[PDB]
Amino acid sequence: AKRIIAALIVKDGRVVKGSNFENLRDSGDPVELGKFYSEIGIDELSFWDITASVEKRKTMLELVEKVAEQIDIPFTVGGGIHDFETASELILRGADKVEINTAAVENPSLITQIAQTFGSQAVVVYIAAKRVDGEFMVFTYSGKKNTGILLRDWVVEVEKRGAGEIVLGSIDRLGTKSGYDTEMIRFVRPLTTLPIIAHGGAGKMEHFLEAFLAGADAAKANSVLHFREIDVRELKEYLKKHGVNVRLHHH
């Protein structure tokens, strides 16, 4: 089974750079846009917040509460989640999963701490990687720091610490529309039993097929969806056509 995940970069409760969906009352409203995606076949949403520190905590909690009210598919929230209490408030307020990267690399036990209370399934570790001198290396602080840690080693440790999913982000392909980094995905696939979410490089429908052939369990994309370079229901139809298994109350 494969998942298509829409990623929305948000700031001050707005979708950064908005969208091309003229049928929407507000093409820059993350809740309405997310709601719409859920109705046309997106399997999950992922929100990445870049609000300034002062209002950030409150803005992210308001976001997840509003989203959880209106949508029924799973969603992830991320962006500067650095400790357990921040992760916890967001999950309790409505998010299904939290995404972490830098804070996990600096304190791998953070993975375990969140999973202890909320289950491994609530913990998504984003791994940003790039080729450096012929090796896949792990990068932190939004791609600014080469940690010197090998991708191979961090993937294995991440599963060991109890993460539920890995987002595998190729800095080599980010923003290029040249396609997902399938060599990187194939490199990581045999190292872990966790679901792998491909991120970085999506430009056309065929890129998604290639990513799944590489062993990804999900594929995440941003502006190619919001600017409607790819249509969600067309993409699902296309994937199904070529043999990809795509899909189309607790007290």
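All residue numbers are counted from 1 along the displayed sequence.
Engineer: Are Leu248 and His249 truly consecutive in the deposited sequence, or are residues between them missing coordinates? Give the number as none, 1 to 3, 4 to 9, or 10 or more.
Structural biologist: In the record, 4 to 9 residues between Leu248 and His249 lack coordinates.
Engineer: Of 167-175 and 145-153, which one has the bigger average CA B-factor?
Structural biologist: On average, C-alpha B-factors are higher across 167-175.
Engineer: Output the stretch having the higher mean C-alpha B factor in the entry; the candidates are 125-133 and 67-75.
Structural biologist: Higher mean C-alpha B-factor: 67-75.
Engineer: In terms of CA temperature factor as recorded, identify the highest of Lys35, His199, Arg186, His207.
Structural biologist: Comparing C-alpha B-factors across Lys35, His199, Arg186, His207, the maximum falls on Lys35.
Engineer: Can you work out whether the C-alpha temperature factor of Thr182 puts it in the lowest, middle or highest third of the chain?
Structural biologist: For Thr182, whose C-alpha B-factor we compare with every modelled residue in the chain, the answer is the lowest third.
Engineer: Going by the CA temperature factor in the PDB record, which third of the chain does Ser223 belong to: lowest, middle or highest?
Structural biologist: According to the entry, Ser223 has a C-alpha B-factor in the chain's highest third.
Engineer: Among the modelled residues of this chain, does the Cα B factor of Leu191 put it in the lowest, middle or highest third?
Structural biologist: Within its chain, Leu191 is a lowest-third residue by C-alpha B-factor, going by the deposited values.
Engineer: How does the C-alpha B factor of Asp217 compare with the rest of the chain: lowest, middle or highest third?
Structural biologist: Ranked within chain, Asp217 CA B lands in the lowest tercile.
Engineer: State the tercile, meaning the lowest, middle or highest third, of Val31 with respect to the CA B-factors recorded for its chain.
Structural biologist: Highest third - that is where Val31 ends up once the chain's C-alpha B-factors are sorted.
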